[PDB]
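# Residue-level structural notes
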There are 4 protein chains.
Amino acid sequence: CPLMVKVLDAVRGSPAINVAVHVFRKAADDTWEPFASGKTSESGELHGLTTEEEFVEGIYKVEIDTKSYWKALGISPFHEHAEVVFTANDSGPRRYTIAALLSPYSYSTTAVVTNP
Amino acid sequence: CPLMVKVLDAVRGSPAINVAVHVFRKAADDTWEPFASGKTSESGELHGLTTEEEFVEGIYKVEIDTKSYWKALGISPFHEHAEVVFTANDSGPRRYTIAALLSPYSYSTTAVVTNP
Amino acid sequence: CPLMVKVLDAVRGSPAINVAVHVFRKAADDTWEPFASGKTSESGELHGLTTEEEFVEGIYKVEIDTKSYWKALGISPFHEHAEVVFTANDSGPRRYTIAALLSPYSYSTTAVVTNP
Amino acid sequence: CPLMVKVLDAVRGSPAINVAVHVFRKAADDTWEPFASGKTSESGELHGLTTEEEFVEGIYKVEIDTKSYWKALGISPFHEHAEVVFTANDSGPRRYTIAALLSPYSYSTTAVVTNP
Ligand SMILES: COc1cc(C(=O)c2cc(O)cc(F)c2)cc([N+](=O)[O-])c1O
Ligand SMILES: COc1cc(C(=O)c2cc(O)cc(F)c2)cc([N+](=O)[O-])c1O
């Protein structure tokens, strides 16, 4: 599993469950092609998005539908979504965890890159 | 000043100076059209992007070119940029401050929204 | 103003107003002695805590009473307070801004340090 | 495992490894009694701090020695440490994860509380 997404709720102190996540790769045409998506589990995590064969170097975008999450809780949010855009670079066996911590008017995101 | 952007550097404990910022507005045909741009000052602030008359209801995207900032400091960061997408003035006109706190592999963004 | 504290509310997208802030300095006998206190203004800022003459080298603790803030809003938060402990002026006198961004189960704190 | 601590490095995009963590409980005398400590693993995590029998309701402090971590990397940091102070409340089977994301001049901390 070369790419995992984890989403946390800073208002409830809980995993953010049932959040839609979409992953795009930048094409040679310089446009966003979708290629993976899912919803976060009870633990706030989304696994199995891609494989080591498919997850080649390139520019990637991870979109997290935070607005629908806050609306589901009856909280009016600021952002339409959280967007994380990054370059995947090969330099050894690497796994990427994209974490996002959500509040109605703020989010944080960090990348944890590790060699198994 | 209905829209202001402030950027801070979490590694140096300083404003993030001379950071490029681009603002887009979603058009009728669901394309992003350029709206304003500038660079952060010595205080990390970018003022004067727009006016109350031109900052109409809409969906806006603020792109902060964090990658060029970290590269100017010798650091190869994770993200291509920090992005904030939001609906503006949906309840009449306000004052929006978009703040970003930057680290090489992480950023936060917050909105402080006050009544004019 | 060598020391300023700014507090933001990540749930409401607003300054955190009327938040109690206490500053301590570590004494010769390794006890914390009270140094200054105040409440954040309508802008979320607390100025005038100390002077350049009294803000000598030392170890300082800034306690932000986040729990009473969230409780005034009807929210039972996780943390008792947000705390920042740092060594000050170890390289001559500077200007310190301590910023805190608050959520019920999370907070961030940052220091922006500028030369006088 | 009712209490786990996880520490992340926002500059390197990695777990923060070998970070000292100390846990204190507030005594009836209103003073901090130490009762658990350790160092974060290769995954940035510290498990086995306490048991369900010992982790009773009370006020707890988790101290994370961030200054020694940054010094070990040759980076001059702002904070002496990160301190998380909270009330543990019984209301069903609860597990607490205290997460901290570290930068030299900033840290974030969040609590993830879950029912297994
Ligand atoms: C709106 O004005 C400001 C906003 C902010 C933040 O949003 C902020 C973001 C964080 O991740 C953590 C934090 F503690 C503060 C920081 C400063 N500052 O430091 O000067 C401001 O003037
Ligand atoms: C490595 O994976 C994780 C990453 C993260 C964060 O990104 C994070 C973001 C913040 O603004 C503050 C913070 F303290 C942590 C949180 C948890 N967690 O809570 O379990 C993780 O397992």
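Here the structure is shown first, and the text comes after it.
So, a few notes on the structure that sits alongside this text. (Residues numbered from 1 in each chain as written, not as in the entry; some residues may be left out. Chains lettered and ligands numbered in written order. Heavy atoms only, no water.)

## Quick look at unusual backbone geometry
If you check the backbone angles, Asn18(A) has positive phi at about 65° while not being a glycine. Mapping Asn18(A) onto the fold places it in the loop between β2 (14-15) and β3 (20-26). (Helix = DSSP H or I, 4+ residues; strand = E, 2+ residues; numbered from the N terminus.)

## Points about the interface of chain A and chain B
The partner chain B presents 22 residues to the 22 residues of chain A that form the contact. Summed over both partners, the interface of chain A with chain B comes to about 1,800 Å²; 55% of that surface belongs to carbon and sulfur atoms. Applying the counting rule to chain A against chain B returns one salt bridge. Among the salt bridges present, the one from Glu83(A) reaches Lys61(B), with a minimum N-O distance of 3.9 Å. (Contact = heavy atoms within 4.5 Å. Buried area = accessible area lost by both parts, 1.4 Å probe. Salt bridge = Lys/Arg side-chain N within 4 Å of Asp/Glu carboxyl O.)

## Points about the site of ligand 1
Surveying the vicinity of ligand 1 reveals 17 residues, the closest of which are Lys6(B), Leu8(B), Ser108(B), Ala99(C) and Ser108(C). Neighbouring residues of ligand 1 are distributed over chains B and C. Within the contact set of ligand 1, an oxygen atom lies 3.2 Å away from a side-chain nitrogen or oxygen of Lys6(C). Contact between ligand 1 and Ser108(C): an oxygen atom at 3.5 Å from a side-chain N or O atom of the residue. A total of 490 Å² of accessible area belongs to ligand 1 in isolation, and the protein chains cover 94% of it. (Near = heavy atom within 4 Å. Polar contact = N/O pair within 3.5 Å; in protein donor to acceptor, adjacent residues only side chain to side chain. Areas by Shrake-Rupley, 256 points an atom, 1.4 Å probe, with all protein chains shown as cover.)

## Let's talk about the relation of the copies chain A and chain B
Of the two same-sequence chains, chain A is brought onto chain B (RMSD 0.9 Å, axial shift 0.3 Å) by a rotation of 179°. Here the two chains are linked by the operation of a two-fold rotation axis. The C-alpha atom lying nearest the rotation axis in chain A is that of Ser108(A); the distance is 2.0 Å. Comparing interface residues between copies, 100% of those in chain A also lie at the interface in chain B; the contact surface is shared. (Least-squares fit on C-alpha atoms.)

## Quick word on the packing of aromatic side chains
The full count for this structure, using the stated rule, is 40 aromatic pairs over all chains. The interplanar angle of 65° and the centroid separation of 6.3 Å between the aromatic rings of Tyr107(A) and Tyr107(B) together place this pair among those described as edge-to-face. One end of the pair, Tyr107(A), is in strand β9 (residues 106-114); the other, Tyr107(B), is in strand β9 (residues 106-114), on a second chain. Using a relative accessible area of 2% as the deciding quantity, one classes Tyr107(B) as buried. Here the aromatic rings of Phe55(B) and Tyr96(B) are separated by 5.7 Å at their centres, their planes lie at 90°, and the arrangement is edge-to-face. Note that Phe55(B) is positioned in the loop between β5 (45-46) and β6 (58-64) and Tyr96(B) in strand β8 (residues 95-103), a separation of 41 residues in sequence. Note on accessibility: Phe55(B) and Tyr96(B) belong to one class, buried. An aromatic cluster is defined as three or more aromatic residues linked by ring pairs; in this entry it consists of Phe35(A), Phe55(A), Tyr60(A), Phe86(A), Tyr96(A), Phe78(B) and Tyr105(B). Between the NZ or CZ atom of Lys26(B) and the centre of the ring of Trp32(B), over which it lies, the distance is 6.0 Å. (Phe/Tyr/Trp six-rings, centres within 6.5 Å; stacked < 30°, edge-to-face > 60°. Buried < 20%, exposed > 50% of the residue type's maximum accessible area, 1.4 Å probe, protein only. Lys NZ or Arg CZ within 6 Å of the ring centre and 35° of its normal.)

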